[PDB]
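Structure first, then comments.
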Amino acid sequence: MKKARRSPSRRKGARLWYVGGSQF
Amino acid sequence: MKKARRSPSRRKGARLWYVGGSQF
Amino acid sequence: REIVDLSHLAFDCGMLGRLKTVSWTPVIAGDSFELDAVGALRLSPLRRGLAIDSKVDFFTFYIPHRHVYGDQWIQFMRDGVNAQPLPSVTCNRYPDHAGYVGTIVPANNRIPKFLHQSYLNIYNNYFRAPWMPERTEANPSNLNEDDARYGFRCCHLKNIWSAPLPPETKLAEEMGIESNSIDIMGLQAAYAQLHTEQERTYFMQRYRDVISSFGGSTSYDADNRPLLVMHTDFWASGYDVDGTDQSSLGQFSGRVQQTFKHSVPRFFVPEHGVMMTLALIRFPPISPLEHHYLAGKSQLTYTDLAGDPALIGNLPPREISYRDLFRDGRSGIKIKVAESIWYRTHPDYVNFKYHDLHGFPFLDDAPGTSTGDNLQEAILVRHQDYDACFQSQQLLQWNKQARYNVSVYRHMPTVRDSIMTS
Amino acid sequence: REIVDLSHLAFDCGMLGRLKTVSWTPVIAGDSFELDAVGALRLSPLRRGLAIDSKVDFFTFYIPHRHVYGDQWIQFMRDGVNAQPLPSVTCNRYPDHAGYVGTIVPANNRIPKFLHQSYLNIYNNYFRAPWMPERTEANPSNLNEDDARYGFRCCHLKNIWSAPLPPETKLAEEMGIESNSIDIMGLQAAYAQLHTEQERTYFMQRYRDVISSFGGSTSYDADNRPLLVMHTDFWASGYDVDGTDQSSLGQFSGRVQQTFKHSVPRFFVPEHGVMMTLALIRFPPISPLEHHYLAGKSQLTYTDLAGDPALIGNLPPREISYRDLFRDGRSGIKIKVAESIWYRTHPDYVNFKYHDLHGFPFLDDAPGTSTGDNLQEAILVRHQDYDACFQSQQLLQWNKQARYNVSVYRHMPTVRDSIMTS
């Protein structure tokens, strides 16, 4: 019940979001 | 083409023909 | 053949006896699907302290879209980019009325058939009593309020009164005979024939099981059964909260909170379809009203008490009624049990005193007491039977939250490749 | 789980291009079936000496009765000893009109559906060109004289004129465009879409093959395809018989006589059904009338001769007609071949002199010469094309005899047990 509180990172795999540049 | 001339023996397996006794 | 990260969180909740979908993922032919879920499951606040732990079951099935759309799917895939789009099924115009298949009813009030049909197939192939009517609603909109929002009802845990031999079990097999003689050879066949009939009724009602009977096998495509990929089960325990003010001092409230893992080992997806994962929370049917069968018999006979083997193996099933098992048992509910079964298992006991204390998840009323002289209705868990013991179902009766870590290898051009033309 | 000996002999014979059943065995769920066949195959007496050897193919498929009888079967097995008997299909009132499924038409003029339907399924799933009309006769009695007695016709061995790209192959793909501009992004998609269309037409016309395309798989139950258990192929050679009397001295007659083994490794039968084994004898389509494609072109262009790669990989298919391949070629038969394919394979050659000597199994007339401007009819082997070279079809065109040694492990009470009551 540690991870269950925090929405995953989806760090595995390639890049999905192209939005024009770096966005925090 | 040796076996192909002679109808198999059906020797494998159990007994199939009961006819009252021994019949050649 | 690269990685797609489908991990995600899920906050859910439902009614007791009902089977709810907690997460579904669409997959594609060729995919390698792995899922490791972890989280915690809870129950709404209890009126009193903790009494018994509920048993939780998690399932994960794989269902080929072909199983849903039929030949129509085959054509779809065949015709490729020329295929007539697959049809959607309808839901009632309410947000929650899609809950059973784990989704909010979308803006257009219709959801993909594969969600609905799969849920059905799952239910009909594993959850209902084999003898109960096959569930066949055509659209989520044909479902009733409760079902659509909380899922279908499932069978109570198995016990003498909830696992009777199928209601149509033969109690005698007649054999015609000429006015003065009987063909003993026929009688022999008669028995044999009966045997095939029984075996079938008792445990081979499904085609697949009959074929297994012969020592053969069947693919899951043979009868269109959803493929069970992983089944987990665990008890839901927690703790009590002590009351500390002038009037609450010496009082307790049960907070059930159980952590759990449900992990599906890397699975190969042969064809497009869905990976559905559902949960089912139940309470063993304890009741201050149930008594030992023998305590209820009025005329105890040798056949009942003796436990003479010679008899126990050659008598026919016995028809008895719920009245014979619960004090307020309904006499109209008849069940066919196996002789001297009461000597093969003992029932749980609850002093009649708890009978009316709110806060205990016991069945304070003989099963089927408010559904009428109908067996199926007694066997299927009636979630209302529990409303009594919860402080407030702001989140229905149970609820949970977990992280679903999903990794799927598949042929998938990078987003860069999709958005770039040349 | 004891042994049942199903070994047996089989004397058979048939027409050239047609696919005939040579032995079928009913099996039961749970059976372990092994088959080792051995015998010799011959051709009717030839008019002249031996010229070319015919190529023989033997197949053995397994077909679940469920594939034939459908849900009706499932019920059958389910209802057990209460099942409504399976229906039989009808044959024409003639002894031989069941030949395609390897059996004499029984006294009642009807044979079990599983024989007929399987033969069909086998043909439609492996023998016909994927683009040809699916064979769908309902009863053996709907079959025509030749088919019913000798089996369906199959495709000639593959060559440039008998393996053309499916007749509906795209030769150009149009893309709409606004009066003065073209969406280059759309054009890109247009190609992609086309690609899916082509791949499909060229080699993914069957559902199963499309799914394989994705790197997935399908059970044989998915599209109801008969399961191929063993495929054998061999050439049929023999010897010449020397003529020795005053006028026959210096003459020869070809007697083709080939021995062969066809062995199926122990196979597990998951459900009741049939194990059918069929044969197919064919002659490579040599013809004194066919010539190299390039020899026939009137205006030889760079694109034809050069064999410039840059061109060969980016041009569309080429439409040509049999007239472009045989001197008496039918101009009405159009085929779509791949550019510069004539540079990827060479054709057999027969001096026009053999063109009218009876006794050679050559196609002495351009394929399709007597079937009309119809491609399918040219591709499928016309057995009459060979009548010319046989001294006399007292035993049709070919014929054979072999011993089929079959051993099957299965649950089977001894005959003693069956006939004894107590």
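Naming works like this for the structure tokens: A, B, ... for the chains as they're shown, residue 1 at the start of each chain, ligands 1 onward in shown order.
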
If the cut-off is 9 Å, can you tell me the residues of chain D near chain C, counting only C-alpha atoms? I'd like them as a PyMOL selection string.
chain D and resi 28-31+66+74-75+77-82+184-185+188+193-194+196-197+200+204-207+210-219+221-223+268-272+411+421-422

Enumerate, as a PyMOL selection string, the complete set of residues in range 123-282 of chain C that a backbone-based DSSP assignment places in strand (DSSP E).
chain C and resi 152-153+227-236+238-242+252-268+273-282

Quick one: everything within 7 Å of range 2-18 of chain B, counting only C-alpha atoms, minus sequence neighbours fewer than 2 positions away in the same chain. Send it as an MDAnalysis selection string.
(chainID B and resid 20) or (chainID D and resid 3:5 7:9 38:39 401:403 414:415)

How about saving the chosen residues, N, CA, C and O atoms kept, as a tab-separated table (two decimals), in the first residue's frame?
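Output saved as again_20.tsv:
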chain	number	residue	atom	x	y	z
B	20	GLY	N	-18.42	-69.64	-30.31
B	20	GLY	CA	-18.84	-70.90	-29.70
B	20	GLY	C	-17.70	-71.83	-29.34
B	20	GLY	O	-17.85	-72.74	-28.52
D	3	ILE	N	-5.04	-51.40	-26.59
D	3	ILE	CA	-4.88	-51.34	-28.04
D	3	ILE	C	-6.00	-51.90	-28.90
D	3	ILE	O	-6.53	-52.98	-28.64
D	4	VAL	N	-6.32	-51.16	-29.96
D	4	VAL	CA	-7.34	-51.57	-30.90
D	4	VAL	C	-6.60	-51.65	-32.21
D	4	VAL	O	-5.96	-50.67	-32.60
D	5	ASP	N	-6.65	-52.80	-32.90
D	5	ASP	CA	-5.93	-52.92	-34.16
D	5	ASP	C	-6.82	-52.65	-35.36
D	5	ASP	O	-7.68	-53.46	-35.71
D	7	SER	N	-5.59	-52.01	-38.50
D	7	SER	CA	-4.84	-52.18	-39.74
D	7	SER	C	-5.79	-52.69	-40.81
D	7	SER	O	-6.83	-53.26	-40.48
D	8	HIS	N	-5.45	-52.49	-42.08
D	8	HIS	CA	-6.29	-52.95	-43.20
D	8	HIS	C	-5.69	-52.61	-44.57
D	8	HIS	O	-4.84	-51.73	-44.69
D	9	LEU	N	-6.15	-53.32	-45.60
D	9	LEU	CA	-5.69	-53.10	-46.96
D	9	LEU	C	-6.61	-52.14	-47.67
D	9	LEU	O	-7.74	-51.91	-47.23
D	38	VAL	N	1.89	-48.38	-46.18
D	38	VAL	CA	2.92	-48.76	-47.12
D	38	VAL	C	2.28	-49.53	-48.26
D	38	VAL	O	1.43	-50.38	-48.05
D	39	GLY	N	2.69	-49.21	-49.48
D	39	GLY	CA	2.14	-49.89	-50.63
D	39	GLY	C	2.81	-49.45	-51.91
D	39	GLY	O	3.95	-48.99	-51.90
D	401	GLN	N	-2.47	-49.80	-54.22
D	401	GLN	CA	-2.87	-50.73	-53.18
D	401	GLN	C	-1.84	-50.64	-52.08
D	401	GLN	O	-0.64	-50.64	-52.35
D	402	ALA	N	-2.31	-50.56	-50.84
D	402	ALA	CA	-1.38	-50.46	-49.74
D	402	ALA	C	-1.97	-50.99	-48.45
D	402	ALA	O	-3.18	-51.14	-48.31
D	403	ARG	N	-1.08	-51.28	-47.51
D	403	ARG	CA	-1.49	-51.77	-46.22
D	403	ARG	C	-1.41	-50.59	-45.27
D	403	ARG	O	-0.39	-49.89	-45.21
D	414	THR	N	-13.33	-54.98	-23.35
D	414	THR	CA	-13.11	-56.12	-24.22
D	414	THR	C	-14.43	-56.65	-24.77
D	414	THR	O	-15.48	-56.50	-24.15
D	415	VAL	N	-14.38	-57.26	-25.95
D	415	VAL	CA	-15.58	-57.82	-26.55
D	415	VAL	C	-16.25	-58.77	-25.56
D	415	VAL	O	-17.47	-58.89	-25.52

Calculate how many Å separate CA of residue 354 in chain D from CA of residue 54 in chain D, rounding to one decimal.
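Rounded to one decimal, the two atoms are 17.9 Å apart.
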
How would chain A read as a PDB file with N, CA and C atoms, in the first residue's frame after a least-squares superposition onto chain B over every Cα atom, matched in order?
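And here is the file that came out, superposed17.pdb:
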ATOM      1  N   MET A   1       5.940 -53.379 -50.856  1.00  0.00           N
ATOM      2  CA  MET A   1       4.844 -54.057 -51.616  1.00  0.00           C
ATOM      3  C   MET A   1       4.809 -55.550 -51.290  1.00  0.00           C
ATOM      4  N   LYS A   2       5.186 -55.886 -50.064  1.00  0.00           N
ATOM      5  CA  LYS A   2       5.180 -57.277 -49.624  1.00  0.00           C
ATOM      6  C   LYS A   2       3.893 -57.429 -48.824  1.00  0.00           C
ATOM      7  N   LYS A   3       3.734 -56.546 -47.836  1.00  0.00           N
ATOM      8  CA  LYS A   3       2.566 -56.532 -46.963  1.00  0.00           C
ATOM      9  C   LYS A   3       1.309 -56.132 -47.726  1.00  0.00           C
ATOM     10  N   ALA A   4       1.470 -55.203 -48.661  1.00  0.00           N
ATOM     11  CA  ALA A   4       0.360 -54.689 -49.459  1.00  0.00           C
ATOM     12  C   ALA A   4      -0.442 -55.758 -50.192  1.00  0.00           C
ATOM     13  N   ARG A   5       0.123 -56.949 -50.367  1.00  0.00           N
ATOM     14  CA  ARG A   5      -0.599 -58.018 -51.057  1.00  0.00           C
ATOM     15  C   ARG A   5      -1.420 -58.851 -50.059  1.00  0.00           C
ATOM     16  N   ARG A   6      -0.956 -58.896 -48.813  1.00  0.00           N
ATOM     17  CA  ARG A   6      -1.627 -59.687 -47.790  1.00  0.00           C
ATOM     18  C   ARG A   6      -2.387 -58.885 -46.736  1.00  0.00           C
ATOM     19  N   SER A   7      -3.682 -59.177 -46.612  1.00  0.00           N
ATOM     20  CA  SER A   7      -4.529 -58.495 -45.638  1.00  0.00           C
ATOM     21  C   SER A   7      -3.978 -58.720 -44.241  1.00  0.00           C
ATOM     22  N   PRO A   8      -3.764 -57.637 -43.485  1.00  0.00           N
ATOM     23  CA  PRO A   8      -3.235 -57.712 -42.125  1.00  0.00           C
ATOM     24  C   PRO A   8      -3.818 -58.831 -41.257  1.00  0.00           C
ATOM     25  N   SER A   9      -3.153 -59.069 -40.135  1.00  0.00           N
ATOM     26  CA  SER A   9      -3.524 -60.125 -39.215  1.00  0.00           C
ATOM     27  C   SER A   9      -4.401 -59.680 -38.052  1.00  0.00           C
ATOM     28  N   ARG A  10      -4.339 -58.401 -37.691  1.00  0.00           N
ATOM     29  CA  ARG A  10      -5.117 -57.899 -36.558  1.00  0.00           C
ATOM     30  C   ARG A  10      -4.794 -58.764 -35.334  1.00  0.00           C
ATOM     31  N   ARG A  11      -3.514 -59.096 -35.167  1.00  0.00           N
ATOM     32  CA  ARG A  11      -3.060 -59.930 -34.055  1.00  0.00           C
ATOM     33  C   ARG A  11      -2.882 -59.101 -32.768  1.00  0.00           C
ATOM     34  N   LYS A  12      -2.609 -57.804 -32.925  1.00  0.00           N
ATOM     35  CA  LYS A  12      -2.439 -56.904 -31.778  1.00  0.00           C
ATOM     36  C   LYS A  12      -3.790 -56.684 -31.099  1.00  0.00           C
ATOM     37  N   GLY A  13      -3.786 -56.498 -29.785  1.00  0.00           N
ATOM     38  CA  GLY A  13      -5.043 -56.282 -29.088  1.00  0.00           C
ATOM     39  C   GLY A  13      -5.639 -57.548 -28.507  1.00  0.00           C
ATOM     40  N   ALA A  14      -6.863 -57.437 -28.006  1.00  0.00           N
ATOM     41  CA  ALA A  14      -7.537 -58.574 -27.390  1.00  0.00           C
ATOM     42  C   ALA A  14      -8.343 -59.411 -28.365  1.00  0.00           C
ATOM     43  N   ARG A  15      -9.096 -60.370 -27.823  1.00  0.00           N
ATOM     44  CA  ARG A  15      -9.922 -61.273 -28.621  1.00  0.00           C
ATOM     45  C   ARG A  15     -11.199 -60.579 -29.044  1.00  0.00           C
ATOM     46  N   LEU A  16     -11.573 -60.771 -30.312  1.00  0.00           N
ATOM     47  CA  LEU A  16     -12.775 -60.157 -30.880  1.00  0.00           C
ATOM     48  C   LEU A  16     -13.864 -61.152 -31.241  1.00  0.00           C
ATOM     49  N   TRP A  17     -13.448 -62.306 -31.727  1.00  0.00           N
ATOM     50  CA  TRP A  17     -14.422 -63.294 -32.216  1.00  0.00           C
ATOM     51  C   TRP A  17     -14.750 -64.437 -31.300  1.00  0.00           C
ATOM     52  N   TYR A  18     -15.960 -64.380 -30.776  1.00  0.00           N
ATOM     53  CA  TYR A  18     -16.458 -65.479 -29.993  1.00  0.00           C
ATOM     54  C   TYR A  18     -17.486 -66.113 -30.907  1.00  0.00           C
ATOM     55  N   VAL A  19     -17.318 -67.392 -31.197  1.00  0.00           N
ATOM     56  CA  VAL A  19     -18.192 -68.053 -32.121  1.00  0.00           C
ATOM     57  C   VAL A  19     -18.659 -69.404 -31.586  1.00  0.00           C
ATOM     58  N   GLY A  20     -18.418 -69.644 -30.306  1.00  0.00           N
ATOM     59  CA  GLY A  20     -18.836 -70.896 -29.701  1.00  0.00           C
ATOM     60  C   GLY A  20     -17.697 -71.832 -29.343  1.00  0.00           C
ATOM     61  N   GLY A  21     -16.540 -71.613 -29.962  1.00  0.00           N
ATOM     62  CA  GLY A  21     -15.391 -72.460 -29.694  1.00  0.00           C
ATOM     63  C   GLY A  21     -14.314 -72.220 -30.723  1.00  0.00           C
ATOM     64  N   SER A  22     -13.434 -73.200 -30.919  1.00  0.00           N
ATOM     65  CA  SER A  22     -12.352 -73.064 -31.886  1.00  0.00           C
ATOM     66  C   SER A  22     -12.834 -73.312 -33.301  1.00  0.00           C
ATOM     67  N   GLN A  23     -12.490 -72.391 -34.190  1.00  0.00           N
ATOM     68  CA  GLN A  23     -12.872 -72.487 -35.591  1.00  0.00           C
ATOM     69  C   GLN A  23     -11.661 -72.057 -36.380  1.00  0.00           C
ATOM     70  N   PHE A  24     -11.191 -72.916 -37.274  1.00  0.00           N
ATOM     71  CA  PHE A  24     -10.028 -72.578 -38.077  1.00  0.00           C
ATOM     72  C   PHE A  24     -10.332 -71.596 -39.214  1.00  0.00           C
TER      73      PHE A  24
END

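Neighbours of residue 121 in chain D closer than or equal to 7 Å, with only C-alpha atoms counted and sequence neighbours fewer than 3 positions away skipped, come out as residues 117, 118, 124, 125, 225 and 226 of chain D.
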
Show me, as a ChimeraX atom specification, the residues that have an atom within 9 Å of residue 351 in chain C when counting only C-alpha atoms, minus same-chain residues fewer than 3 positions from it.
/C:287-289,354-355

To one decimal place, how far is CA of residue 153 in chain D from CA of residue 292 in chain D in Å?
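The value is 27.2 Å.
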
Counting only C-alpha atoms, the residue of C:83, C:45, C:258, C:346 that sits nearest chain A:
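Looking at the shortest contact to chain A, the residue is C:258.
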
Give me the residues within 7 Å of range 133-137 of chain C as a list in words, counting only C-alpha atoms and dropping any in the same chain fewer than 2 places off.
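My list of contacting residues is residues 120, 124, 131, 139, 142 and 143 of chain C.
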
Those same residues, written as a short mmCIF file (atom, residue, chain, number, x, y, z; two decimals), in the first residue's frame with N, CA, C and O atoms?
data_model
loop_
_atom_site.label_atom_id
_atom_site.label_comp_id
_atom_site.auth_asym_id
_atom_site.auth_seq_id
_atom_site.Cartn_x
_atom_site.Cartn_y
_atom_site.Cartn_z
N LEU C 120 -20.35 -11.17 -19.48
CA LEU C 120 -21.33 -12.23 -19.52
C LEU C 120 -20.63 -13.57 -19.58
O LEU C 120 -20.74 -14.39 -18.68
N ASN C 124 -21.16 -16.67 -17.03
CA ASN C 124 -21.77 -17.92 -17.45
C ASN C 124 -20.84 -19.11 -17.51
O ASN C 124 -21.29 -20.25 -17.48
N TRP C 131 -26.37 -25.32 -13.28
CA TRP C 131 -27.77 -25.58 -13.57
C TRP C 131 -28.63 -24.34 -13.66
O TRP C 131 -29.74 -24.40 -14.18
N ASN C 139 -27.90 -6.11 -24.08
CA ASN C 139 -27.21 -4.83 -23.93
C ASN C 139 -27.12 -4.41 -22.47
O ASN C 139 -28.00 -4.73 -21.68
N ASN C 142 -30.15 -3.63 -20.79
CA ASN C 142 -31.16 -4.63 -20.49
C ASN C 142 -30.92 -5.09 -19.07
O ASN C 142 -31.70 -5.87 -18.52
N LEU C 143 -29.83 -4.61 -18.47
CA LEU C 143 -29.50 -4.97 -17.10
C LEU C 143 -30.28 -4.11 -16.13
O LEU C 143 -30.67 -2.98 -16.47
#

Shell around range 48-52 of chain C at 10 Å using only C-alpha atoms, local window under 5 positions removed, as a list in words:
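Returned residues: residues 235, 236, 237, 238, 239, 240, 241, 242, 251, 252, 253, 254, 255, 256, 283, 284, 286, 357, 358, 359, 360, 361, 362, 389, 390 and 391 of chain C.
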
Could you give me, as number ranges by chain, each residue of range 116-296 of chain C that DSSP assigns to alpha helix (DSSP H) when run on this structure's backbone?
C: 116-122, 145-150, 184-203, 207-213, 293-296

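Between CA of residue 163 in chain C and CA of residue 175 in chain C there is a distance of 29.5 Å.
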